[PDB]
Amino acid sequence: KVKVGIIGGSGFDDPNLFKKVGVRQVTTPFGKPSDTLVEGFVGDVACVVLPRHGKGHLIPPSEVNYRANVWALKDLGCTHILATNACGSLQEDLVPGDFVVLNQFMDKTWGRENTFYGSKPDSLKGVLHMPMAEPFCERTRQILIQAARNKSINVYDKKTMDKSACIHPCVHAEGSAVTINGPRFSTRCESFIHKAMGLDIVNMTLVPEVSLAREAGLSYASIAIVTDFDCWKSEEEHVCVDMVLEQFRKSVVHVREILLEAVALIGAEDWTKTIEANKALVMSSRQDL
């Protein structure tokens, strides 16, 4: 029994992926979600849509209640979460218009509530140390990639394909993301430092959303939308809000295609053991037990 939650970020404040059947305003032990949750179906698969920054985009990346958002989806019966993340490219072969199915990240966030467990009154009791070597649900990752293939969107795998075979616009089959706290964009100094470390893209919204999803025993995968080259290139042109929004509008049609096709693909498989494994991993990470 699968149900897919969808979290839309920058340039995707109103995903609008289906005819809305119902609307839930929920509360969690960790506070209220960013907005009301919109429910509907993709085929026979139940689906929930939630704007990360609220309908009017009034909530900045660092102030988003990631716990409430993830836990609200969990309470509504979601087994999977597909998320969108606008980003800047730190590499030549990743160009505006491309998408990246992330498989790795580096965390530079702070001051965000990043765990459901702890000793404070507003947390679940216990100490939870989750393994995060491969922080995403690999099965869900491959579904996003396969969804791109089915909708005739180019896929580039750096490990099996030459760079001359990278056909833009394309969905990159892997990549690492540095997550900064924001709300400001990076300096040129920080950009080149991130490049030197071999990172692929830079964003503000991936962490702790990906971490909390695993804590919730949910299968999570991110589709990163490349909207710019950050600021490591020429003055014409470095990243700004207008640039991010402009490119995202150009790419949003392919984003909806991939997501809708992904939800259908997830509902076409059995996830019994994977869900078992997701829950068992959480229990085995409790050190207080």
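Numbers for residues come from their place in the sequence shown, where the first is 1.
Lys233, present in the displayed chain, goes without coordinates in a third or more of the other PDB entries compared that cover both sides of it.
Notably, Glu246 is never a gap: all other compared entries of this protein, restricted to those modelling both its neighbours, have coordinates for it, so the one-third criterion is not met. Comparing 106-114 with 151-159, the higher mean C-alpha B-factor in the PDB entry belongs to 151-159.
Mean CA temperature factor is higher for 37-45 when stretches 37-45 and 254-262 are set side by side in the entry. The PDB entry assigns the greatest CA B-factor among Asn65, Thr27, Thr227, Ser222 to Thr27. Compared with the other modelled residues of the chain, the Cα B-factor recorded for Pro208 ranks in the lowest third. Annotation for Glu190: CA B-factor lies in the lowest third of the chain's modelled residues.
Compared with the other modelled residues of the chain, the Cα B-factor recorded for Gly182 ranks in the lowest third. Among the modelled residues of its chain, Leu76 has a C-alpha B-factor that falls in the highest third according to the deposited record. Per the PDB record, residue ranking by Cα B-factor puts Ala165 in the highest third of the chain.
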